[PDB]
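The following block contains the structure, expressed as structure tokens.
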Amino acid sequence: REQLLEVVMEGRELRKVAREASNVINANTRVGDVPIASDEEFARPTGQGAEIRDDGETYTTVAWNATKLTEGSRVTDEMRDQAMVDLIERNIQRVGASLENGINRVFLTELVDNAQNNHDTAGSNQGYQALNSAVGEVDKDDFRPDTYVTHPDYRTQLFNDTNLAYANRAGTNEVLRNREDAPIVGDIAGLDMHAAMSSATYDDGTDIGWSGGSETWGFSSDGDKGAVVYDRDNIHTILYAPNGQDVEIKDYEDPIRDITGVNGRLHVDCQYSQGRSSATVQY
Amino acid sequence: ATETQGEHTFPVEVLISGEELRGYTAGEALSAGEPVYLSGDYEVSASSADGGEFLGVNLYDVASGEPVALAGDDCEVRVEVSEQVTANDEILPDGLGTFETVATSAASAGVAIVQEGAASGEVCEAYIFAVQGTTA
Amino acid sequence: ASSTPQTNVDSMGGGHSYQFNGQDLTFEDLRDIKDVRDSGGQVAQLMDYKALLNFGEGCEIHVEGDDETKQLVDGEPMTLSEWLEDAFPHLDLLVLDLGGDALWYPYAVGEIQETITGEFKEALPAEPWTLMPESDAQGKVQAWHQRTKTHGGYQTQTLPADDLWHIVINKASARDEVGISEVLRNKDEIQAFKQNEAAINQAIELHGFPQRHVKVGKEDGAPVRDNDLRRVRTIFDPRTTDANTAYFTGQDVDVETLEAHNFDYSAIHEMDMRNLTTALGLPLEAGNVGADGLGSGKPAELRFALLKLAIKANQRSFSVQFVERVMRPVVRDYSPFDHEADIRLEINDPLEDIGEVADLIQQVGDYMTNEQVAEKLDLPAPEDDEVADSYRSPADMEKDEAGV
Amino acid sequence: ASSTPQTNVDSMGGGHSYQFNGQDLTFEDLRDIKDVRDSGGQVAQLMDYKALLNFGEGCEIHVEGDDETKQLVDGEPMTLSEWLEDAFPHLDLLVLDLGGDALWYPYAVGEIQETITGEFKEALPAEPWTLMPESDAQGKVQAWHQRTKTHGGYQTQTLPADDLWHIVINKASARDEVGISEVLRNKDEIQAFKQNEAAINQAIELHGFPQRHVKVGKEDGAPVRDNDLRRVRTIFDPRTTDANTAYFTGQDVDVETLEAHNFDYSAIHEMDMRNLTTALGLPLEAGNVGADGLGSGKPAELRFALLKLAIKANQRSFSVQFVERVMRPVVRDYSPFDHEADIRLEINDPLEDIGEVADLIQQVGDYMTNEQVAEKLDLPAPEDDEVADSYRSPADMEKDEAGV
Amino acid sequence: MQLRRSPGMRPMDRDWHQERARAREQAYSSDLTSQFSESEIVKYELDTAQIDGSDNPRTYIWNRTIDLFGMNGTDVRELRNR
């Protein structure tokens, strides 16, 4: 009586945060514009009885062009019958996961590359003082950040900081106990959200079909960008789908060839409303 | 041809895209991703080193006399190259189960065009666009 | 305890896509159910027999303390039961329609419709293959997504859960507010049946009848070409032949026969119908197929008990949801009565025997009120309360009153 | 004696979900049960028939001496039965769901739920494949661990044993709080059935029908190549042949037949169904399969008695746990009545013939009170206590009172 | 696209497990070429299975030419001291 071991062991799963960590727009069109107002100015010293000169509101836009992201799979119908598990369910899960990873790559690459401020730690004081300094850099441009996005090496280094690691310095032992799941990690330097990213997420340009970003994402070597401190309301992830609100997964049979497949799609763009509202932290 | 992921080696999925698959008989033992040519009536064997021997790439490992699935032309495939290649390079069966460039071969025209470059001994992605046979 | 469910419910986010489902069923699966129902033949007829058994015998509305509800509706007095029977005049048909849909599809679904004056008009069913629910982290439906064929373009829209209503007969679990299609649950069995039926039909054509094989020429002799056979074909042509045609030949022509090759297609049909009827929960007899031994005695009593139990379970499940989600809102919003009253909708037993009930009434009527007898016998109760509530027959009370 | 157990149990040192098979009950095992349940076909229908037999006939609530409990609940009287009947309006459906789950899974499990104002709403079941108990060193459940599919991953949580409830029909021993799933217990028999079904279906496709074998060429004569057979294939093509096609040939073409190779698949079906039904404890007849001699007389009387005993055993096991672990807490925590009252929940016998009960009432009614008759006959007892408590029929008391 | 025989898919196929289990139970040596088809070795990747004959029951079963004691057919790994 040959009873098989039915279980399949999972691969590496990346962290997905872009839907929470940015303003999501569910667009009505695959291309579109967000109107931006000009900065506030100072009123003008004027002589009594003189004409008041104009300096009215002026406007521009940031455009979105939601790039179609896709992931497909095809299997011989004969194999669907012989599979140890629901092989179509597994491919649906993979296809959906590849799209969520796609969103997070578009988001993180916009976030890191187009941040207008930077704090260079010069290999020193890299924990709390770097977050506070990066908030200071955004504050000098008169925006207020509320979120930070973080690389695994930055997280690792930050939780060695005695200001977080000693219970009396943190006012709480949660960082020592529960690490990134501690409430203080999401409530630090005036920031009320932490978005833990995966290392593979940023577009290095080494992955197929992708052309890389301008920076290095990491926190291991001279010049790596390891965290971004930013205003969550000033970075937009724009999602477009023709057949609904979100990811569309379609099953199909080949009409001729006894092949079944599953295909996922979503259109996504990411754009800063105000790139000055964001600062990278650099190794 | 292989991805490495920690301890693990995973075989690459050979066929990227394409609907034109056809079934043949193996004239010899063959392995997934090998270029093959016609060697008897509906019988395919591994391609030799220059032009005139290519119908498609074998999609799965076979013993002699087993049925073979080919990706023919119109398919995009993940294939190992024996030399460093770049986008737009035409490539040709190498005689070694790999491909190589037309430029390196004695031939003058290829069977597939590289879309994604690779180092020597590494997986490129290429579009198969032509077959080659005995012209004399 | 608590006022919100504290166990989770295995359902949030639709899997890998939400407002359109990833793993869970789709508009294309819904149209697959529609195509099975539409297509006719044996499978369609069996699932229509299932609908007729569960819902075809009609219904009765009951209210506990109905007399206490007496109120003037338009100067005329009504009870809540009288008002509901006026609100839902054709309920027997509606129950069969919705009851059919909720066996085929995961749910029956519909609207409440008003007159222009804003009085209640009807509970209007919607085409169930056009609609799918969106549900929350505790598994409750919050919106309905519709698409319809509309001059080729799919008109597509979203409606709140607030003003639609829906009913689920078949559930994955007690918390499943979306339900299971019996068709999609048995998709493979339905296909296996259809494939085997097609295979039998083709086998009857090829093998059910003898075929004439004329062999021409002597063995080891002169060969015969196609044009030579064409002239012989003209002589022995079955189109031209008749029942008593005789043949004259030389020794070098043979009229052989491919005999009809025996195979028990009747046994294959029995086996197919057994597999399908069991998969759809019906007895084999519903498929116009009999079985040895099973047609008699306690073996019969068991299978018809199993069928009646299945029907009672579906009927209770439907009746509760129809009262709670269709009738109570209508009483609340368009009626002067208290909607918190104990309304019930009974659905009749399709296999009840009036003769068995009459025997029962003869044997034990002495222990039954005339209202109980009238209800068992499917009659209006007596017009006089003391006659309805008493245990002597009304005809016996009449002859007593005549004696007095 | 003592106030705590002093005999040990086979528990794995506590912490684990230790079960009958000397190991740990995983969420994989739980979802394997869900897969047998949801996947349809014959095994699913049989375990559904098992649930319907045990719990489909509905329920009745009794409290001993309940007329003594009369109390104002909301400025108006109730007895404890009347309060419980309002607390659990749809108990027939709940009993069927939980009783089904407790036959499929090792346990049925759920919550108590409250209104926003904090009075009792309902006992709310939870999805049993999602929840796993943790036993201590004396086997008692201390916590419930839950994991559930959510938006492409899983949520997970722990809940205390203190505010869920659970019911176990099948036990390893009278001390087992984890229970045993009949689906896991009979996993090999279920797989053996499914494999033999697949084997028969495949064997019917290959061997159930005749197949035409055309042989071409003279034996020891000229060879025929594939390209030559390709033209002969066109002539005897089964796709385009019809019932009365005739053939004309030379002597060197033979039209042979692979006969339908007779095998008794009907007997293999019977043997599979016999193995499965007996393993699931159903009678053979539930499988749409019959057998000689067993259909009548004392052979029938016995197997129907065995079925009814198996049903009564499950029903009592369920009823006790539901009263002790759901109803008594609900009375204690949300009711003005005494929870120590002698409550019984009884589940109806699915295989009663009311005709046999009516024969009994005819024969021996002279020895039963009108209340006892009404209870056997499944009717409300008479409204007036003296007639309810008397022995002669209410119709006889009426005709004699009318004689005054 | 992935066929049932394709190298990345073999571990999903029930037959790949069933047939590798058969091969281990049937084997009388690690020398696969002595015993298995070129088809079997390729299709079931039998080089990667730990085949050696140690899983074959007949490695452990007695089969003496004369047996006065009914010892033949006993499997030594079912004895008390195993």
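As written, the chain order gives the labels A, B, C, D and E, with residue 1 at the start of each chain.
Everything that follows uses one rule, which is that a contact is a pair of C-beta atoms (placed from the backbone, for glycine too) under 8 Å apart; a residue touches a chain by one contact, two chains touch by 3 or more.
Least-squares overlay of CA atoms from chain C onto chain D yields a rotation of 30° to the nearest 5. Look at where the CA atoms of chain A average out and do the same for chain C: the two points lie 51 Å apart. The centroid of the Cα atoms in chain B and the matching centroid in chain D are 57 Å apart. The distance from the centre of chain C to the centre of chain D, with each centre set as the mean of the Cα atoms, comes to 22 Å.
One simple way to say how far apart two chains are is to compare their mean CA positions; for chain A and chain D this gives 50 Å. Annotation for chain A: residues 93, 96-97 touch two or more other chains.
Counting partner chains per residue, chain E shows two or more touched chains at residues 1-3.
Residue positions 152 of chain D each touch two or more of the other chains. Contact annotation for chain pairs lists A-B, A-C, A-D, A-E, B-E, C-D, with touch applied as defined. Across the interface of their complex, chain A is touched by residues 15-20, 22-23, 26, 28 of chain C. The touching residues of chain A, when paired with chain D in their complex, are 1, 3, 6-7, 93, 96-97, 100.
By the touch rule above, chain A contacts chain E in their complex via residues 2, 4, 73-76, 78-79, 82-85, 87, 259, 261. The part of chain B that touches chain E in the complex is made up of residues 10-15, 18, 21, 29, 32, 59-64, 66, 69.
On the chain D side of its complex with chain A, the touching residues are 28, 32, 152, 188, 191.
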